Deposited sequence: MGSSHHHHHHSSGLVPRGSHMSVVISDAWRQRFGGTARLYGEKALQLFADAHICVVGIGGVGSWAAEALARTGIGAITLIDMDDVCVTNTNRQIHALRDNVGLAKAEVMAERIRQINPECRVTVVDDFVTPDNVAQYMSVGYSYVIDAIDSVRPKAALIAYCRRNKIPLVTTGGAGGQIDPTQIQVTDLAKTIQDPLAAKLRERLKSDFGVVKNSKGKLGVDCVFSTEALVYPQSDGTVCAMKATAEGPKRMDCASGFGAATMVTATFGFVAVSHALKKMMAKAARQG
């Protein structure tokens, strides 16, 4: 068990009062991986750190670009050109200097997924946009019963009150999730069971897509909320599993 220090309780006393003391230790002992530190994942990383999660792995090899500014928490003038994962790690150490943060400066691929998932995470939050690796990550977590939550496309959306969680097989107005389902079947033989489910939790929105005005655009209000609903769903699952034990 990670030891909760007096400074930890000052930082996260509001966490303890919301979720209880048992959950505070559960979160301090957790190890959560965020794959893709972008429009969804950067805000997922922020939320985990601010809810007293004791260890966080960040996996991404992209750098902060000026064009990230609309929707990524790490996109500031002074960060531009630095590695997203490294920049987010430094911000997490500012939120909670006792959080153990690991940076994997790499992309997940069908060939390295086993080694990066081999670590035994409490939860994986998949926030990547490229469909091939996303399918491979999902296929691997599902087969190995690794707790995972994924996200459909967060672009082309303006209403954060329509964001919610469903089985991946049952999303709508999400072309990314549809391509994902195709690739899961075609490359990994992962298909719907009899009850019509893939057994994979997906954050999506019922909102009708807003097509490019002036690729799809995006807004913090929506993309960040994707990440926050992914974190809330993961924490809730973790707590349910602990109580069940």
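Gaps in the model relative to the deposited sequence occur at 1-21, 236-256, 288, listed in sequence order.
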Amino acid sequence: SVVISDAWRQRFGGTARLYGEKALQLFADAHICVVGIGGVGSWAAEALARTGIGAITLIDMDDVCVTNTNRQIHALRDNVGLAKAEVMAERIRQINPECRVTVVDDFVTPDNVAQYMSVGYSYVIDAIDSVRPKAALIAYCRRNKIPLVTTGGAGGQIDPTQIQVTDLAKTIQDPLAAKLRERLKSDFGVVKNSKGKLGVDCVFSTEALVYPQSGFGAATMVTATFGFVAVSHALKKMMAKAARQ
From here on, numbers count along this sequence of modelled residues.
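C-alpha atoms forming the largest set that superposes within 1.5 Å between two forms make up the rigid core.
Once the structures in 4 other deposited structures of this protein are superposed via the core, the pair 190-198 and 216-224 is resolved in favour of 190-198 as the more displaced stretch (C-alpha RMS). Between 204-212 and 44-52, the larger mean CA deviation from the shown form in 4 other deposited structures of this protein, after core superposition, belongs to 204-212. Relative to its counterpart among 167-175 and 112-120, 112-120 has the higher mean temperature factor, C-alpha atoms as listed in the PDB entry. Averaged over Cα atoms, the B-factor as recorded in the entry is higher for 75-83 than for the other of 146-154 and 75-83.
The PDB entry gives the largest Cα B-factor of the residues 209, 184, 28, 49 to 184. Ranking 202, 37, 191, 53 by the C-alpha B-factor listed in the PDB entry places 191 at the top. Per the PDB record, residue ranking by Cα B-factor puts residue 238 in the middle third of the chain.
Among all modelled residues in this chain, the alpha-carbon of residue 220 has a temperature factor (C-alpha) in the lowest third.
Ranked against the other modelled residues of its chain, the C-alpha B-factor of residue 57 as given in the entry falls in the lowest third. Looking at the C-alpha B-factors along this chain, the one for residue 135 belongs to the middle third.
Residue 68 sits in the middle third of its chain by CA B factor, as recorded in the PDB entry.
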